[PDB]
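> Below: one structure in structure tokens.
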Amino acid sequence: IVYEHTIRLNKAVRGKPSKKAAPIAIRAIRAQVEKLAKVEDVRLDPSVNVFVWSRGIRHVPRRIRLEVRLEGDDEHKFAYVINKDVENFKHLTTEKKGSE
Amino acid sequence: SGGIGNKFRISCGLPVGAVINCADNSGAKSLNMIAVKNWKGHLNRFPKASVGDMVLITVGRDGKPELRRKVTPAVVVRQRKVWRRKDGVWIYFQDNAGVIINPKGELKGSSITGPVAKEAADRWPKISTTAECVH
Amino acid sequence: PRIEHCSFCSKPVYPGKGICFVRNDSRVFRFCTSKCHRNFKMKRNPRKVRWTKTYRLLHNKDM
Amino acid sequence: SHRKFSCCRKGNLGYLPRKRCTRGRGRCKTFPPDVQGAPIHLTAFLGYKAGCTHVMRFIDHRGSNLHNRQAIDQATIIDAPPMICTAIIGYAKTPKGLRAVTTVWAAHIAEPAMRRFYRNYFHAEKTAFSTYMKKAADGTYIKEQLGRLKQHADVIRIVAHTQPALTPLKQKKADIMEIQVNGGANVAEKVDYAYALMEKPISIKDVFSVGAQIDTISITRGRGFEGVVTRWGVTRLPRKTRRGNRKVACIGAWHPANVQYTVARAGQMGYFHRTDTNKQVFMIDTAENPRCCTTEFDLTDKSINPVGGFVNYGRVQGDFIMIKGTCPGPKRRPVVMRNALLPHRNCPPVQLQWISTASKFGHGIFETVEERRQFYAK
Amino acid sequence: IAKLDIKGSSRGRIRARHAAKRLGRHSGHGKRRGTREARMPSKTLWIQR
RNA sequence: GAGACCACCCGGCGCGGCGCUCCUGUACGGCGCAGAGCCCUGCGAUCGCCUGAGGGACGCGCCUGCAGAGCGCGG
RNA sequence: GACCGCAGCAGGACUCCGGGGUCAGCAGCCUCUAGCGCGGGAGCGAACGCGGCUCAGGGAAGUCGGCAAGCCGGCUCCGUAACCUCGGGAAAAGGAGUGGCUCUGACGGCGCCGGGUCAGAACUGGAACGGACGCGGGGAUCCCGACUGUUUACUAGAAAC
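Quick look at the structure:
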């Protein structure tokens with residue numbers, strides 16, 4: 003099962019100090035994936051870590067398209083997320099593809 | 008009495024220690040405020056004057072020698088801070104200004120220079136008649 | 002209702018809104034909002050700014 | 002020494018203690034006087050606050066500064082969900098104040114009303130009223146109990162469930178506000194008015210006549226634990242001050258060696274239950290009317306829902322009531338309105354000539370959305 | 050095992066400003082923030098002269 | 001709508017999108033038979049057109065895509 | 001980066017070599033090289049501090065006193081008093097410009113090459129230019145000491161020496 007969702011980092015880093023914007027965003031992208039994936043472990047591809055930190059530590063990209071593929075079973079349930087490249091987000095929402 | 012009529016409170020902008028401009032042809036170039044008539048002061052409150060509040064002012068060195076070294080009653084015609092009349096219009100005058108008036112309200116000199124606010128006119132009539140424009 | 006027009010924006014100003022100001026030359030100018038007023042303090046020509054009706058008239062979008 | 006120059010103790014002491022209000026929302030506490038022989042009317046209603054307006058009106062006040070002159074005043078719109086009588090409550094005048102006698106509920110309690118009894122509805126027993134519903138609904142137990150209330154209790158009240166779904170509030174649990182039949186000719190007449198209204202919708206238009214003065218009681222907006230400078234209005238101590246300028250310099254004199262009740266100190270600055278009084282109701286109208294906010298001056302249909310929507314509120318589906326003046330409380334807050342206890346003797350007659358419907362959100366130059374599509378055209 | 054480059058910094062932008070300065074594009078009275086003697090020594094014109 | 005932790009008001013929340021409305025002031029780019037002039041046959045700060053545009057949003061109406069109410073703990 | 005301060009202490013310890021860019025500069029502010037993430041981390045953004053930022057109108061009326069903030073500043077060009085030990089004051093005071101482009105003139109070597117400095121113009125930027133950074137507020141007197149210098153390390157930097 004792979005879920006592709008748009009994650010508003012800007013609507014997450016708001017409410018936290020600017021000097022620590024980027025760390026809070028990484029953690030936020032780890033909290034949100036767990037709720038959507040209904041998993042207990044989130045592993046972030048190094049490529050997402052590049053993207054979120056690309057702008058800097060004070061301001062981050064407003065949104066990052068994330069491909070959340072659950073790759074965990076046997077009660078390990080690790081969910082892997084890799085940043086997908088899109089030109090822009092118009093009619094974009096969670097778009098689950100595939101099944102067990 | 009001399010100031011006659013009822014004025015709805017308008018926001019008050021000029022406290023004491025203010026050199027309001029003087030538009031009269033009396034020749035007082037500038038007036039420095041000393042007090043506003045009928046001010047019951049609360050502790051540590053500078054007394055303040057709105058458009059049309061009789062204030063006692065002292066003419067500065069720039070002004071004519073005779074009026075200097077004396078407290079003269081004046082009525083503020085223009086206040087820079089915006090004031091809301093009951094119409095709900097918010098109006099702000101370009102530069103703070105005053106006209107020297109008698110306890111009766113007779114001005115020291117006939118001419119009033121530039122705009123005069125409508126609240127000054129109701130309280131003090133002589134200004135109203137000589138006003139070039141009542142804005 | 003009663004609607005005036007701004008001395009800068011030229012957008013109809015509904016009653017109760019806007020700051021009305023009187024200049025040194027004894028003329029009332031009704032500013033639309035803080036924006037109509039702040040752009041007028043430094044007299045950035047209304048024509049140069051594209052949001053004012055006056056530029057739209059000059060650029061002919063209004064015709 | 003002594004006080005030297007004389008000032009005042011800042012802050013009314015009657016309102017102390019300044020604490021988070023324990024009552025869930027505004028409570029009546031005192032109801033209007035009975036005045037036996039008056040027109041039989043209900044005293045109070047409950048609403049939810051909405052965004053403010055900027056109405057323009059004409060003042061026919063003899064011997065006044067603005068007599069016969071156009072003026073603008075500020076009013077707060079309140080959505081009025083139509084209420085339903087859910088029960089009749091009796092009170093007997095007794096040596097210890099008011100003691101209650103024989104409260105009777107309706108044959109069927111309303112579904113929102115049932116939700117009030119349980120903390121959660123879905124995950125709950127839902128067993129409340131099970132015996133009562135079977136006990137009543139045959140119209141016999143209801144009649145005899147109502148008869149007891151009429152015989153042994155002088156003061157009669159209508160328990161009213163308000164409907165939260167009609168308004169945008171996510172409350173979803175009916176709140177119950179007591180209303181009091183007042184002016185009934187004799188004790189019997191009041192009970193019969195209530196029984197007709199049992200399980201029946203009442204809208205605010207029935208409760209409050211237009212142009213009357215009413216009292217707004219609400220839990221006020223708060224800002225959290227605050228410093229003395231805002232909580233009590235004490236003057237800021239001089240800039241150069243070790244340990245910080247914002248604080249009362251001396252909390253007591255040596256001989257009254259304790260902190261006095263009146264001494265200013267930090268406290269929760271909000272959520273106090275507060276009542277304003279004698280505020281006129283400028284317009285009472287159904288929001289459904291397409292022209293509910295139109296005027297002869299308007300020359301367009303003009304509807305209550307403002308352009309861009311009421312900020313921090315919903316679409317005011319029905320019965321908007323505007324009170325001139327700002328009622329206590331933030332938007333989306335329960336506000337009980339009651340007929341005023343001590344109305345201002347001299348009231349300017351209410352003649353609204355225009356009501357502003359321009360976008361509350363942002364600076365809006367468009368009274369109706371249509372004029373805005375017209376301004377931008379293509 | 051690998052050795053990476055010095056990651057030398059861009060000297061492209063600097064190149065353009067220095068060529069335009071040769072034509073005098075950036076020599077406006079506001080841009081210079083140094084005394085006229087420092088920019089061209091007043092002794093130096095004389096030593097050449 | 002309440003907040004130091006708490007407590008309180010509420011609850012299948014919310015996450016994304018879609019509209020509206022507002023904020024800002026014509027977006028990138030394309031085109032020009034605009035441009036002081038220098039000049040190879042091109043360079044050019046800007047200028048106009050597209051473009052009351054583009055961008056954004058915490059308010060507001062929805063929401064089609066995920067979802068959302070313990071097979072906890074007490075009772 | 002291990003010395004000495006009870007110690008792996010925002011403290012005190014002598015030099016050597018010292019790239020680019022804006023700039024007058026071994027300045028400030030960025031950067032190659034070169035090092036490296038320190039008595040830990042997460043929530044939460046209440047009071048109240050501590051380090052800044054801004055404020056309508058007026059402005060010292062505050063106060064023991066403009067304490068503190070704030071104003072000014074770079075560059076070019078005019079304009080620069082009283083007094084005076086004529087050396088100064090003096091950056092007195094007081095104004096004008098400053099941006100980016102399109103260009104034209106002055107200077108070492110045509111047979112090709114030097115070097116960016118200065119002027120002088122156009123044309124254009126919401127009516128903006130030292131756009132960050134570095135970076136005097138000014139005048140009127142009076143009282144002491146002439147001043148450059150030295151001082152009671154851990155409460156007095158002066159009129160004292």
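Line by line, the protein sequences are chains A, B, C, D and E.
Residues are numbered in UniProt numbering as their position in the first sequence, beginning at 1, plus a constant of 2.
Residues are numbered in UniProt numbering as their position in the second sequence, beginning at 1, plus a constant of 7.
Residues are numbered in UniProt numbering as their position in the third sequence, beginning at 1, plus a constant of 1.
Residues are numbered in UniProt numbering as their position in the fourth sequence, beginning at 1, plus a constant of 1.
Residues are numbered in UniProt numbering as their position in the fifth sequence, beginning at 1, plus a constant of 49.
Ideal Cβ placement from N, Cα and C applies to all residues, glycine included.
#1: Which runs of the beta strand (DSSP E) fall wholly inside the stretch 276 to 300 of chain D and span at least 3 residues, in chain order?
#2: Report buried or exposed for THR54/D, applying the criterion of at least 16 other Cβ atoms within 10 angstroms of its Cβ.
#3: How do the stretch 136 to 154 of chain D and the stretch 105 to 115 of chain D stand: do at least 3 beta-carbon pairs fall below 8 Å, yes or no?
#4: Using a C-beta to C-beta distance shorter than 7 Å, which residues of chain D count as neighbours of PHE15/B?
#5: Where do the ends of the alpha helix (DSSP H) carrying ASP129/B lie?
#6: Would you say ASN51/B reaches chain D, if we count a Cβ-Cβ gap shorter than 9 Å as a contact?
#7: Compare the C-beta of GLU297/D with all C-beta atoms of chain C and state if any pair is closer than 9 Å.
#8: For the beta strand (DSSP E) that contains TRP355/D, what are its first and last residues?
#9: From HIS7/A to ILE84/A, what distance separates their C-alpha atoms?
#10: Exposed or buried, what is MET40/B when buried is set at 16 or more other beta-carbons lying within 10 Å of its beta-carbon?
#11: Between the stretch 88 to 105 of chain B and chain C, which residues of the former have CB atoms less than 9 Å from a CB of the latter, in chain order?
#12: What residues in its chain sit with their C-beta under 8 Å from that of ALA250/D, if we drop five residues either side in the sequence?
#13: Expressed to the nearest angstrom, what Euclidean distance is found between the alpha-carbon atoms of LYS18/C and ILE203/D?
#14: What beta strand (DSSP E) runs, 3 residues minimum, are completely inside the stretch 89 to 133 of chain D?
#15: Under 9 Å between C-beta atoms, does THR55/C make it to chain D?
#16: Between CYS21/C and chain B, is there a C-beta pair that is closer than 9 Å?
#17: In three-state DSSP terms, what is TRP90/B?
#18: Could you pull the DSSP bridge partners for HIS153/D from this structure?
#19: Which residue from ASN306/D, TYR377/D and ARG232/D puts its Cα closest to that of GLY52/D?
#20: Within 9 Å (strictly less), CB to CB, does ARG63/D reach chain B?
#21: Taking Cβ to Cβ, would you say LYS151/D is nearer than 9 Å to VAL192/D?
#22: With distance defined between alpha-carbon atoms, name the residue in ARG26/D, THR358/D, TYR314/D and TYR16/D nearest to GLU179/D.
#23: Pull up the CB-CB distance for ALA81/D and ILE322/D, whole angstroms please, since I reckon it's below 8 Å.
#24: Please classify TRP95/E: does DSSP put it in a helix, a strand, or coil?
#25: When DSSP builds the beta bridges, which residues end up paired with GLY48/D?
#26: With respect to 8 Å, is the separation between the Cβ of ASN45/B and the closest non-hydrogen atom of the ligand HEM below this value?
#27: Among the residues of its own chain, which have a CB less than 7 Å from the CB of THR231/D, if the five just before and after it don't count?
#28: Taking the C-alpha atoms as reference points, what is the distance between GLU73/A and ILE9/A?
#29: Kindly indicate the opening and closing residues of the alpha helix (DSSP H) around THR231/D.
#30: Helix, strand or coil: how does DSSP classify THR55/C here?
#31: For the beta strand (DSSP E) that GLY105/B lies in, which residues bound it at each end?
#32: Please list, in chain order, the chain B residues whose beta carbon lies closer than 8 Å to that of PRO13/C.
#33: Which residue wins for smallest C-alpha separation from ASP69/B, given the options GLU126/B, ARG130/B, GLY12/B and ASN28/B?
#34: Measuring only between beta-carbons, confirm whether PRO47/C sits less than 9 Å from chain B.
Let me lay it out:
#1: With a minimum length of 3 residues, the continuous beta strand (DSSP E) runs that stay inside the stretch 276 to 300 of chain D are 280 to 285.
#2: Position 53 of the fourth sequence, counting from 1, holds the residue named residue 54/D. Classification for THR54/D: buried.
#3: With a cut-off of 8 Å, the stretch 105 to 115 of chain D and the stretch 136 to 154 of chain D count as touching, because enough Cβ pairs lie within range.
#4: In the second sequence, counting from the first residue as 1, residue 15/B sits at position 8. In chain order, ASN66 make up the part of chain D whose C-beta sits under 7 Å from the C-beta of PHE15/B.
#5: The sequence position of residue 129/B within the second sequence is 122, counting from 1. Segment 125 to 130, the alpha helix (DSSP H) holding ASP129/B.
#6: In the second sequence, counting from the first residue as 1, residue 51/B sits at position 44. For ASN51/B, at least one C-beta of chain D is nearer than 9 Å to its own C-beta.
#7: Indexing the fourth sequence from 1 puts residue 297/D at position 296. For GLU297/D, the answer is no, since every Cβ of chain C falls outside 9 Å of its Cβ.
#8: The residue you call residue 355/D lines up with position 354 of the fourth sequence. First-last of the beta strand (DSSP E) with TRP355/D: 353 to 355.
#9: Locating residue 7/A in the first sequence gives position 5, counting from the first residue. Locating residue 84/A in the first sequence gives position 82, counting from the first residue. Here the alpha carbons of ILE84/A and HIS7/A stand approximately 11 Å from one another.
#10: Residue mapping note: residue 40/B aligns to position 33 of the second sequence, counting from 1. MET40/B should be labelled buried.
#11: Here the close residues are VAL89, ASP94, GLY95, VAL96, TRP97, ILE98, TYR99, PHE100, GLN101 and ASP102.
#12: Translated into positions along the fourth sequence, residue 250/D becomes position 249. Once the five neighbours on either side are set aside, the close Cβ partners of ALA250/D are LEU238.
#13: As a first step, residue 18/C is located in the third sequence; it is residue number 17 there, counting from the start. As a first step, residue 203/D is located in the fourth sequence; it is residue number 202 there, counting from the start. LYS18/C and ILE203/D have their C-alpha atoms spaced approximately 37 Å apart.
#14: Correct list: 99 to 106.
#15: As a first step, residue 55/C is located in the third sequence; it is residue number 54 there, counting from the start. Cβ-Cβ to chain D under 9 Å: no for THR55/C.
#16: The sequence position of residue 21/C within the third sequence is 20, counting from 1. Under the Cβ distance rule, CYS21/C counts among the residues neighbouring chain B, one pair being separated by less than 9 Å.
#17: Along the second sequence, one-based indexing puts residue 90/B at 83. It is a strand residue.
#18: Here the question's residue 153/D lines up with position 152 in the fourth sequence. DSSP, once it has assigned bridges, lists no residue as partnering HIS153/D.
#19: Locating residue 52/D in the fourth sequence gives position 51, where the first residue counts as 1. The shortest CA-to-CA distance from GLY52/D to any of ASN306/D, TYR377/D and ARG232/D is the one to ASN306/D.
#20: Reading the fourth sequence from its first residue, position 62 is the one you call residue 63/D. Residue contact check for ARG63/D against chain B: no CB pair falls below 9 Å.
#21: To locate residue 151/D, count along the fourth sequence from 1; it is residue 150. To locate residue 192/D, count along the fourth sequence from 1; it is residue 191. The Cβ atoms of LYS151/D and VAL192/D lie closer than 9 Å to each other.
#22: If you number the fourth sequence from 1, residue 179/D lands on position 178. Comparing Cα-Cα distances from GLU179/D to each of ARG26/D, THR358/D, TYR314/D and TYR16/D, the minimum goes to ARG26/D.
#23: Position 80 of the fourth sequence holds residue 81/D. Position 321 of the fourth sequence holds residue 322/D. Contact between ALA81/D and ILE322/D holds, with the beta-carbon distance rounding to 5 Å and staying under 8 Å.
#24: In the fifth sequence, residue 95/E corresponds to position 46, counting from 1. Looking at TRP95/E - three-state DSSP - the assignment turns out to be helix.
#25: Position 47 of the fourth sequence holds residue 48/D. For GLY48/D, DSSP records a beta bridge to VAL336/D.
#26: In the structure shown, the ligand HEM is absent, as is every other ligand, since no ligand is present at all.
#27: For the purposes of this step, residue 231/D is taken as residue 230 along the fourth sequence, with counting starting at 1. The answer, listed in chain order, is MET270.
#28: Mapped onto the first sequence, residue 73/A falls at position 71. Mapped onto the first sequence, residue 9/A falls at position 7. The alpha-carbon of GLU73/A is positioned some 20 Å away from that of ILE9/A.
#29: Reading the fourth sequence from its first residue, position 230 is the one you call residue 231/D. Secondary structure note for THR231/D: its alpha helix (DSSP H) is the uninterrupted segment 229 to 232.
#30: For the purposes of this step, residue 55/C is taken as residue 54 along the third sequence, with counting starting at 1. Helix at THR55/C.
#31: Within the second sequence, the letter at position 98 stands for residue 105/B. 104 to 107 is the span of the beta strand (DSSP E), which, as asked, contains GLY105/B.
#32: Residue numbering aside, residue 13/C sits at position 12 when the third sequence is read from its first letter. What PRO13/C touches in chain B: nothing, since even the nearest Cβ is about 15 Å away.
#33: Counting from 1 along the second sequence, the entry for residue 69/B is found at position 62. Considering only alpha carbons, the answer is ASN28/B.
#34: Numbered from 1 along the third sequence, position 46 holds the residue referred to as residue 47/C. False, the Cβ-Cβ gap to chain B never drops below 9 Å.
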